[PDB]
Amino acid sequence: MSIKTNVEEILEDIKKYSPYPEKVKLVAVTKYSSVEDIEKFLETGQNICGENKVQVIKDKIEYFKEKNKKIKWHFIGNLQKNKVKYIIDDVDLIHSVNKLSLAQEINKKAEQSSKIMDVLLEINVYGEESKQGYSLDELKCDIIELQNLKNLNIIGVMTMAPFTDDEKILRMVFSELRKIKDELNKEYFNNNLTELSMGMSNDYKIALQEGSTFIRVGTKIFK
């Protein structure tokens, strides 16, 4: 196995499958990786790392600070309101903004640090009852209050499809999120939504074809 060659294969897939390869970022899902393996990922020339537990990313952030390594940290898991304080100063993008109360806490902590936190709105497109993401109706109801949080920068949307081998279902899920982004860009965001965070190790080639700009790939990189 070779981390470099795994990364290189994914970048080829991006060129092959994306309707706009220049927009697509690889998010290495490092949630099960040691700092040694993460360092090997950085040595490929990539440096976007996504984590999903606050305590874990907290400790990895400090580690790579002390080793003076440059990383763009993404938070891609469930973010409890009272844990925002631990990542607000070092995470570059929060993918999982699923409700107004969380957006309001992120905004409040960002303003206290005199910064604007980039976020994605997490949307439950397939409608599971292990739901955390927005329904579209809930998001529409929240929109103006979200757009008035001046220390948030809402740059896109995110979904997680259920695991399946049915390509028709995956395309339905990924295309529906894209339709939502396009609609939100006409009605509310003046085309300022640029990002679509969708796709994981077992389906990212489909996600790329449906316009993903962040693929969250762990297994394919590290195993």
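A residue's number is simply how far along the shown sequence it sits, counting from 1.
Higher mean CA temperature factor between 124 to 132 and 94 to 102: 124 to 132, per the PDB entry.
Higher mean CA temperature factor between 16 to 24 and 207 to 215: 16 to 24, per the PDB entry. Per the deposited coordinates, the residue with the largest Cα temperature factor out of 117, 76, 144, 139 is 144. Highest CA B-factor among 180, 169, 49, 160, as stated in the entry: 160. For residue 63, the recorded CA temperature factor ranks within the middle third of the chain's modelled residues. Split the chain's modelled residues into thirds by C-alpha temperature factor. Residue 152 is in the lowest one.
When the CA B factors of the chain's modelled residues are split into thirds, the value for residue 176 lands in the lowest one. Compared with the other modelled residues of the chain, the Cα B-factor recorded for residue 220 ranks in the lowest third.
Ranked by Cα temperature factor within the chain, residue 165 sits in the highest third according to the deposited record.
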